[PDB]
Amino acid sequence: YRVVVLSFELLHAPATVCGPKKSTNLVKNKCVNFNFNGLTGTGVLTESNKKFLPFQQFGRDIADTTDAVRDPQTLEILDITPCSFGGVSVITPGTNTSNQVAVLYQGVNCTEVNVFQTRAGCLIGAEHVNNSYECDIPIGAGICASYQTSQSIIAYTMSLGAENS
Amino acid sequence: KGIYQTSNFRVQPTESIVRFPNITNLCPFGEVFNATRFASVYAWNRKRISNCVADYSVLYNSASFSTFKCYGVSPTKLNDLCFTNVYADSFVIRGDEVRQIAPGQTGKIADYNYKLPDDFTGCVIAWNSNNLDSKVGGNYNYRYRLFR
Amino acid sequence: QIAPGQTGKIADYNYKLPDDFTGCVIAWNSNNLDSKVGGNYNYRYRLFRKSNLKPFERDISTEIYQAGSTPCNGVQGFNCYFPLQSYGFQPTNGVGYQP
Amino acid sequence: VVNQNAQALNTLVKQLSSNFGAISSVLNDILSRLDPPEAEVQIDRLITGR
Amino acid sequence: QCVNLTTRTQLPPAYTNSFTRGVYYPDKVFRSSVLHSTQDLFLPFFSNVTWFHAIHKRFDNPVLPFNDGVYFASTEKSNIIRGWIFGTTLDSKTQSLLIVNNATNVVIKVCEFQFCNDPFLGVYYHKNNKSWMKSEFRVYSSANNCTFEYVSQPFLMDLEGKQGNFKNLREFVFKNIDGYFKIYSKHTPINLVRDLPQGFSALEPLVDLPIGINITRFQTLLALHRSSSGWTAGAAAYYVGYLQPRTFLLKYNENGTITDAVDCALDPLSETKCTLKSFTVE
């Protein structure tokens, strides 16, 4: 019987021989938790026009946070965009008036979700009106909401007052 | 009446992504046992394997070994462990002599030929060579040390 | 291996205390009693398990531990081991092996 | 007004990389090394400093 | 082995000044359009380095302490630099490292080496048929107990001699951190008379050796030729320096390369730049 005896000895010298790898499929333009070599994090992988130095695998911003990474296998420049996040704003009239409620998102378009978009973010549960009236509920980007007329919540541009020549 | 922020929404990751380099530039472990001729029990060669990646799943799932056993380390855990130095011993011994290979063993081949320390963390592999080494008329090329 | 946060063949298989556990651990040497001849089979333990057992849980399943792809069919064999095992007890055992 | 705000924001962010007495500034690193009871000791230092 | 060169003449270690030399990429982190500050072993700007040379009546192959790290700069024509000798005792009593270039591959090994008083490589019979082929090996007599071996990819090195200005420049950085040898390399042509030219260059990673041994001393391998104590050396100059834990301000351009470096401690002016973390002092 031919016998092959493998002697495993761990000395003070650095380690080299290691087990196999995985290298699963890659996904882009989605929120996912990615682990590249000894780096981990959560963000959106998007290919940008930046060019990393051949000897520099990982990049960093002024905050020491990596905004992009290079595929350990294939050669590509992938920008790391954090997943969508923001504050939850609830615009509703007082309990005495009505129970109607309008949800508002900040710094993000409509994703999760009368779904309308504004400069401040996604606004659901409201109606867009072209007629500008006096501000009622402050929102942002020069936009105010109010409860009016079979009445609901509408979103109109904040008026600066009547015109006088 | 007014606008109130009741919370802060955050999008959770849908799935996890995994990426690494290739498996290329390995050490030819298959050629160690595939070598035509092996050294005698007293002549056993010691091969130093380092600076490569090792895949042990092919040797265990190939069903090409007669007996496979490890000491101190499980076979499934070898893939997740990095080793600095790997020495692959090669030699030929009798069938009944394979049982004497282990930490703190005895016998002729163990004491007078090859012995395993009690702390040996490696593994053992053997398969029947009767279809190669053994030939008509007998093969005396493989010897052993009887007395010491 | 029995203590909050500790791991091992006890905490990870049969008996596990939670990390926030508040209590008192008492132990004493019964070797002059529990030890009978070559061993006492009244006290057994789970040697192998496929995952880690949570604290405040008791799993009596005796199902054969299968490390391979070969079906065990409830019997020992290649990559098939019987998880429930017995503590060896003898009056001559060392302080580490005494009950 | 712009510079004072940029320094406050830049400062606030760069403090995340500080150890604050902890072994490492990364949370998953401490959780992936020390035991549950040992990690909480180090994680508290980060939470305290941050 | 125990024979010493007859033509070799001893000379005092003359010193020269370096301008920006000793700057390198600290790590693999990519950064652009930002100014980063970091502390590591560097060669201070406007510092003093050592002046060595090799020629057919003075030849310099002295021993020098490695300490934490050192900086090397050499102007070459025939690539007279054959490698370096690294070791603690510089003998077989311990494990010594040899980085050598045979003109085919880069051989890097860690073994128990037999040390020669004056190691080198001779080359004979140039004349017609210019030759330039290695013949005798004085680096080591024998080697054993090898825990490491490395070989680079095949390449063709031109050892033919040249005249006029030096056409080759090799500036390397050697250091040991956590048992990891770091080698940084840069190669650019220059027009030089003596000392060092005024300019800036950023060194790049070459190889990484996880050998993990202590090196208290080193030597500089040189090539000798004659048409073994009677060999002669060609005209060449190489330099050595000591690295110190100094903080530099590395200015990154839009492409990611370092435009210029600023030593936090030079004069009262530079200290103001690291105080403001900017190169513009108002």
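The numbers here are math on the coordinates, done by the rules we state, and not lab data. Note: ideal-geometry Cβ built from the backbone for every residue, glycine included; neighbour counts use all protein chains shown.
What are the pairs with Cβ atoms under 8 angstrom where one residue, in the range A:30-46, is within 7 Å of another protein chain (Cβ to nearest Cβ) and hydroxyl-bearing (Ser, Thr, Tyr) and the other, located anywhere, is surrounded by 15 or more Cβ atoms within 10 Å (Cβ to Cβ) and not in a loop (DSSP other than H, G, I, E, B)? Sequence gap at least six, or different chains.
Pairs found: A:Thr40/A:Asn33; A:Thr40/A:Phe34; A:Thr42/A:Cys31; A:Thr42/A:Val32; A:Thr42/A:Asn33; A:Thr42/A:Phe34.
If you scan the range A:64-75, which residues turn out to be more than 8 Å from chain B (Cβ to nearest Cβ) and surrounded by fewer than 15 Cβ atoms within 10 Å (Cβ to Cβ)?
A:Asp64, A:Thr74, A:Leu75
Is it the case that the range A:54-63 has a residue that's among the basic types (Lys, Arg), more than 26 Å from A:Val32 (Cβ to Cβ) and part of a loop (DSSP other than H, G, I, E, B)?
No, because not a single residue in the range A:54-63 is among the basic types (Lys, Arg), more than 26 Å from A:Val32 (Cβ to Cβ) and part of a loop (DSSP other than H, G, I, E, B).
Across the range A:78-94, what is the total count of residues that are among the β-branched types (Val, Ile, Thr) and either at the interface with chain B (Cβ under 7 Å from one of its Cβ atoms) or surrounded by fewer than 16 Cβ atoms within 10 Å (Cβ to Cβ) (or both)?
Number of matching residues: 4.
For the range A:95-107, name all the residues that are crowded, with 17+ Cβ neighbours inside 10 Å and more than 8 Å from every other protein chain (Cβ to nearest Cβ).
A:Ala102, A:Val103, A:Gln106
Within the range C:78-88, identify whether any single residue is in contact with a strand residue (DSSP E or B) (Cβ under 7 Å, 6 or more places away or on another chain), within 25 Å of D:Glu38 (Cα to Cα) and of a type outside the set (A, V, I, L, M, F, W, C), and answer yes or no.
There is no residue in the range C:78-88 that is in contact with a strand residue (DSSP E or B) (Cβ under 7 Å, 6 or more places away or on another chain), within 25 Å of D:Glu38 (Cα to Cα) and of a type outside the set (A, V, I, L, M, F, W, C).
Each row is one residue, and each column tells you yes or no for (1) exposed (fewer than 13 other Cβ atoms within 10 Å of the Cβ); (2) among the small types (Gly, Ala, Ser); (3) over 25 Å from E:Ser185 (Cβ atoms); (4) touching a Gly at 6+ places or on another chain (Cβ under 8 Å).
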{"site": "E:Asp40", "(1), (2), (3), (4)": "no, no, no, no"}
{"site": "E:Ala54", "(1), (2), (3), (4)": "no, yes, no, yes"}
{"site": "E:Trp84", "(1), (2), (3), (4)": "no, no, no, no"}
{"site": "E:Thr88", "(1), (2), (3), (4)": "no, no, no, no"}
{"site": "E:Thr94", "(1), (2), (3), (4)": "no, no, yes, yes"}
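Restricting the search to the range D:23-50, which residues are farther than 24 Å from C:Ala3 by Cβ and small (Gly, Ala, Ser)?
Selection gives D:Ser24, D:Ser25, D:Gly49.
With respect to the numbered conditions (1) assigned to a strand (DSSP E or B); (2) surrounded by fewer than 16 Cβ atoms within 10 Å (Cβ to Cβ), which one is the sole condition not fulfilled by E:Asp195?
The single condition E:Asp195 does not satisfy is (1).
How about the range A:137-160: which of its residues are of a type outside the set (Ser, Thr, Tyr), surrounded by fewer than 19 Cβ atoms within 10 Å (Cβ to Cβ) and assigned to a loop (DSSP other than H, G, I, E, B)?
Of everything in the range A:137-160, those that are of a type outside the set (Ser, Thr, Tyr), surrounded by fewer than 19 Cβ atoms within 10 Å (Cβ to Cβ) and assigned to a loop (DSSP other than H, G, I, E, B) turn out to be A:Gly140, A:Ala141, A:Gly142, A:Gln151, A:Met158, A:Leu160.
Out of curiosity, is E:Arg82 more than 14 Å from every other protein chain (Cβ to nearest Cβ) and part of a loop (DSSP other than H, G, I, E, B)?
Here the answer is no, as E:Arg82 does not meet what is asked.
Exactly one condition in (1) closer than 28 Å to A:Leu10 by Cβ; (2) out of contact with any helix residue (DSSP H, G or I) (no Cβ under 8 Å at 6 or more places or on another chain) is not met by B:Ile49; state its number.
So the condition that B:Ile49 fails would be (2).
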